[PDB]
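So this first bit is one chain, no partners, the form deposited in one PDB entry, shown in structure tokens.
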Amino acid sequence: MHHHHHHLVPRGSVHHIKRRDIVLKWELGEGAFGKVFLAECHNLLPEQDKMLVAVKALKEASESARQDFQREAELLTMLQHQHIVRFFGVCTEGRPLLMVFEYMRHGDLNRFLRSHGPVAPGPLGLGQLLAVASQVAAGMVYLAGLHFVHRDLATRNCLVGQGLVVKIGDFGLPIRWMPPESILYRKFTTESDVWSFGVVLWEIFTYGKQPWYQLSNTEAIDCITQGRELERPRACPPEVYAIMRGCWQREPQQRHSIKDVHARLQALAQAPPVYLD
């Protein structure tokens, strides 16, 4: 499960939260092994007696998944950045085992883009789309610096919090977001993550449309492996499409670096370019 992260070694133990300090409210979702709940957490942060958090409950007993649980928690406690999901700790007293994360009030970024298409309710403007893209790219610069390969960067795996703050997580193959070498050879690197970031840019600029939406799963695999490129979205300025093309170079060593992609998006976000569809 975490074999590709073997080079990442924790400095310290995970934060432990007493079960009685967690008060479950309602389900936010499920999926990947499995249930996510909104909850109140007591005695976590000094500033607030009680605070909202998101709690993931482990389904398995197992005891293989217990080893995976501990390793996952150890890796998540290392990820400390403004644009990476914030992990608060575990609860190991009793069953099921719990993982506690920061509550991000606006939910996943894919749903957010779809519900704010053509909080402040309404369509997201160019400056806002660039700000979302810049934040994801900032998170990816941090991951590249840690030599951490995400492997499933997609808007469904990002969260939106207070003031449109965006953070990268992984809520649980995402073939449509993968480069040819990942599909064909399961080669996952900083370079395959940058290709997926180019696909995330495409999702942002299409307001959360599915990549290769016109194709079946089989047609998409073949088209990616044969070298076809996603079309420039209507809301996408030329400056932004050039970034996508840089992320999508067939040769991984030719792809633009995430530091340059982030710096370019910062430059555009702090402007933005005078672009009208």
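Here the rigid core means the biggest group of C-alpha atoms that line up within 1.5 Å when the two forms are laid on top of each other. From 1 onward, residues are counted along the sequence shown.
- When the other compared entries with both flanking residues are checked, residue 28 is modelled in all of them, not unmodelled in a third.
- Modelling of residue 229 is complete across the other compared entries in which both of its neighbours are modelled; not even a third of them leave it out.
- Going from residue 94 to residue 95, the model skips none of the deposited residues; the chain is continuous there.
- Unmodelled deposited residues between residue 172 and residue 173: 10 or more, per the record.
- Two stretches are in play, 143-151 and 82-90, and the higher mean C-alpha B-factor belongs to 143-151.
- Legend: mean Cα B-factor per stretch from the PDB entry, 176-184 versus 120-128; the higher mean is in 120-128.
- Looking at 249, 210, 217, 62, the one whose CA carries the top B-factor in the deposited record is 62.
- Sorting 223, 58, 54, 244 by the CA temperature factor given in the entry leaves 58 at the top.
- Annotation for residue 161: CA B-factor lies in the middle third of the chain's modelled residues.
- Sort the chain's modelled residues by C-alpha temperature factor and residue 269 lands in the highest third, per the entry.
- Annotation for residue 19: C-alpha temperature factor in the middle third relative to the rest of the modelled chain, per the entry.
- When the modelled residues of the chain are ordered by their C-alpha B factor, residue 32 lands in the highest third.
- Residue 9: CA B factor in the highest third of modelled residues in this chain (values from the PDB entry).
There is also a form deposited in another entry; it is not shown, and the following applies to it.
- Shown in the overlay between this form and the one not shown, fitted on the rigid core, is a CA shift at residue 21 of 2 Å or greater.
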